[PDB]
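Every number in this text was worked out from the coordinates using simple rules, so none of it is lab data. Every residue, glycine among them, receives a Cβ derived from its backbone with ideal geometry; neighbour counts consider all protein chains shown.
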Amino acid sequence: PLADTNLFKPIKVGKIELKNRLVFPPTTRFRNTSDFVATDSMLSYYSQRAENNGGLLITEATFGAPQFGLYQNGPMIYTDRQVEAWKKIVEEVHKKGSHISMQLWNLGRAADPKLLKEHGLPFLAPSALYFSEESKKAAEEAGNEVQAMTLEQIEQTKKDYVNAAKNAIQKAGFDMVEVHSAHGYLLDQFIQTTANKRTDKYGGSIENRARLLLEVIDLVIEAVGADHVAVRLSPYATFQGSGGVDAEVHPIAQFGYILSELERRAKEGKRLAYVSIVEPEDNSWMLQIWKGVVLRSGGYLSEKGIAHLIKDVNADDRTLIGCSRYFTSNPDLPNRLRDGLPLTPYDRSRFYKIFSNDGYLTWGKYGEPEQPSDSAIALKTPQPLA
Amino acid sequence: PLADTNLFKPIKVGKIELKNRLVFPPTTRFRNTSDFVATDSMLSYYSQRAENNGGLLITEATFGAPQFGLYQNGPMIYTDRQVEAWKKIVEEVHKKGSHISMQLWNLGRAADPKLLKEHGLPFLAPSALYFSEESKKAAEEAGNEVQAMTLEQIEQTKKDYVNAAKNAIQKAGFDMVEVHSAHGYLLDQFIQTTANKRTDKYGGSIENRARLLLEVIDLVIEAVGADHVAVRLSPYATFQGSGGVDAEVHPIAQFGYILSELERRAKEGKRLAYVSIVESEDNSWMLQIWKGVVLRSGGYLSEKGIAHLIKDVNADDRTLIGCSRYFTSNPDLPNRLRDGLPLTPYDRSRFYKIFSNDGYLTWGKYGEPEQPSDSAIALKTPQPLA
Ligand SMILES: Cc1cc2nc3c(=O)[nH]c(=O)nc-3n(C[C@H](O)[C@H](O)[C@H](O)COP(=O)(O)O)c2cc1C
Ligand SMILES: Cc1cc2nc3c(=O)[nH]c(=O)nc-3n(C[C@H](O)[C@H](O)[C@H](O)COP(=O)(O)O)c2cc1C
């Protein structure tokens, strides 16, 4: 039972008032159309998690533009249809009494090179380096080999971030827009020494490696306001060739500088809505630098993560707790954690089941059974919302 | 009783085998002659602190050269008489079975401008900034105003560090030489954004502000070897205008970069003898970055620090514990801490009493009385060891 704790104490984030501090972190599921349009399945998916919640939801990582991708059946906030669909999802989430932020995705050297090629797009990264020999062979066989971004492509990346942020906040009505700068995707690639060998002002130092992220953040803040902006960082992660603690420059220095710059912008009157961090190594130093709302995610609902949930959410008055994997299998997770009711185990084998309701909408509420793989919803084909 | 803890477990530091991990941190006392030569009182002082100890003694912050000073009756390892006196002290310390390091001092904008003036020396800093209006005042009346160092004064500084290091290690026989890069003196002034406004290679970035320290470190490494070199850092200190956590760039990023670079030199086969550190402020990130011997100092004997002493010294097998203020009172502090014997209180009013044995050699070992100020030892005028 966690109703006793700060986890269900209201908190002001940005300009909105969250009823609790439990967050659904961005969780990629690939239930969009092949056109990258949000579906009715996704609408019900976020609707059930906005019901009886009052808290914050964060969308699956969403491509800001075609060049920001691509993965098959991923999300996008680019075309008119996509913005319409996401707008309807937002309107339903708000009707439910919850709030929602959209995380913006940019793959970089992590993208599907064949799909990008079929959409006539190059395969871009800070430097012409692959994170694995597997990816190198994949890009070479697709005829779409990785390229170091030109200055023009970086400028276009910034403009695309601005356009996607405006579409999310102003057209679709999201409460925040979250810049995905973690897990070895494009912005992280610019941050990481392992991925960034550039010798212009976007590489070669801590300030230079963090430059693209900070410029995107500044342009987006100018576009939609700091209280509608967020960012996610993963200093210790080694996913997709990121250096973690093994980087030639320690992540405490690099990401320490990033956090210092965000806190400086906050000291100049541009305070981000929140900074999202992944629990491992210890994140305490991060909380030393950033003084605003911090969303901490990872492990908190395991058979040992509990009582670090209590400790961390009660440690101060600015901490949000994110639970992703159990939120996928528990659409009523806020009430189950509120009342201390047993959780439904999550099923990793259906995390990325492309364009299928099986393991996506088959989960029941507390005390209700899991619908089987041959049920009506499990075999119903998702339909685009616009 | 602390004999059971790691505080009294042997440990290898550099080439040296320390029988315990209690350390006498560098403690300025100003009992040298007016021409900065070590003194017989100092020999008896360090000698008493070397008996029944076997630990590491760290010498009072010592001027590497006349330009590195100046303070009244401060120490220096520049002239042949000075090196010979310090050699006598080192021979006595080794004879008594303990080991000793010399900390090298460079005042910069913290110096006495009147004294420097009287020695025909300028008043140097990274930038033409005083740490206080009082210092500005004393400098302007002595007609020795602060000057931003030229490139050749920087080069001469590094050469002087090399010369002082070779003097201490190879001639005087010190076990290691510690570079003072803390508490707002010259190297810290280069590190701090509050004091370093340089636009050249030595300022305007994390890497640029740390450049002089790392260059000096590398040169001294080349001179005397890595296991004969150490460094002290005070990321949180705000002494003499240092920025602390209020710096434009957070000290976790800056000193995080410094520690990452030192650990990088360790990865390449040049592992410093130890890193000396001072102390939501918390030095845990420092231990996340630096993996070698770390000497932690500050406040460890308050009956609120005894627990932090046991905790920090037992947390791993590479932690030394420094105790300065109580070591000034208890020349047999190793035995007292080893057997839980009550400590003689310290007298700050005689910490900096110039050229006097009173409150310097009047301390008795456990079970003996403090000699009064009219005793034979207290009235003696100290003589140079030359
Ligand atoms: C299937 C799946 C998809 C995810 N997608 C994203 C994503 O798109 N963006 C992101 O920042 N994190 C993503 N994550 C990481 C989660 O947001 C979260 O940080 C991680 O699962 C740890 O939290 P947890 O222990 O509560 O599950 C994903 C995780 C999973 C399991
Ligand atoms: C009188 C006095 C002189 C000191 N001189 C130096 C010095 O020359 N160099 C230095 O790095 N620290 C110096 N320190 C700081 C100590 O080395 C130590 O970090 C500080 O006193 C905290 O340790 P403690 O709590 O055990 O006393 C001095 C401290 C005192 C009280």
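Some points to look at:
- Across the stretch B:24-34, a minimum of one residue is classified as part of a strand (DSSP E or B), within 16 Å of ligand 2 (Cβ to nearest atom) and closer than 28 Å to B:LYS291 by Cβ.
- Listed by first and then second residue, the pairs linking a residue in the stretch B:320-349 that is among the basic types (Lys, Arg) to a residue that is more than 16 Å from ligand 1 (Cβ to nearest atom) and part of a helix (DSSP H, G or I), with Cβ atoms under 6 Å apart and 6 or more places separating them unless they lie on different chains, are B:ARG338/B:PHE8.
- Residue selected from the stretch B:295-312 under the condition touching a strand residue (DSSP E or B) at 6+ places or on another chain (Cβ under 8 Å) and part of a helix (DSSP H, G or I), by the criterion farthest from the other protein chains (Cβ to nearest Cβ): B:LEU309
- Residue identified as over 19 Å from B:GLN67 (Cα atoms) and of a type in the set (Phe, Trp, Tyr) among B:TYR161, B:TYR185, B:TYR202: B:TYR202
- Being out of contact with any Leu (no Cβ under 6 Å at 6 or more places or on another chain), closer than 20 Å to A:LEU18 by Cα and either among the aliphatic types (A, V, I, L, M) or away from ligand 1 (no atom under 12 Å from the Cβ) (or both) is a description that does not apply to A:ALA307.
- So A:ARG265, is it in contact with an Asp or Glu (Cβ under 9 Å, 6 or more places away or on another chain), more than 14 Å from chain B (Cβ to nearest Cβ), more than 30 Å from A:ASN357 (Cβ to Cβ) and away from ligand 2 (no atom under 16 Å from the Cβ): no
- Total residues in the stretch A:203-229 satisfying the condition of being surrounded by fewer than 24 Cβ atoms within 10 Å (Cβ to Cβ), assigned to a helix (DSSP H, G or I) and within 14 Å of another protein chain (Cβ to nearest Cβ): the figure is 4.
- Residue within the stretch B:285-294 that is farther than 21 Å from B:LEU107 by Cβ, among the aliphatic types (A, V, I, L, M) and not in a helix (DSSP H, G or I) present: yes
- Checking the stretch A:242-256 against the condition returns no match, with no residue being away from chain B (no Cβ under 13 Å) and assigned to a helix (DSSP H, G or I).
- Members of the stretch B:276-297 found to be in contact with an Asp or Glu (Cβ under 7 Å, 6 or more places away or on another chain) and aromatic (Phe, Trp, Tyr), listed by number: B:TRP290
- The single residue among A:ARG271, A:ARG198, A:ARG232 that is among the basic types (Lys, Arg) and either within 25 Å of A:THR27 (Cβ to Cβ) or part of a helix (DSSP H, G or I) (or both) turns out to be A:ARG232.
- For the stretch A:53-76, a tally of residues being in a loop (DSSP other than H, G, I, E, B) and either within 30 Å of A:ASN335 (Cβ to Cβ) or acidic (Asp, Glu) (or both) returns 7.
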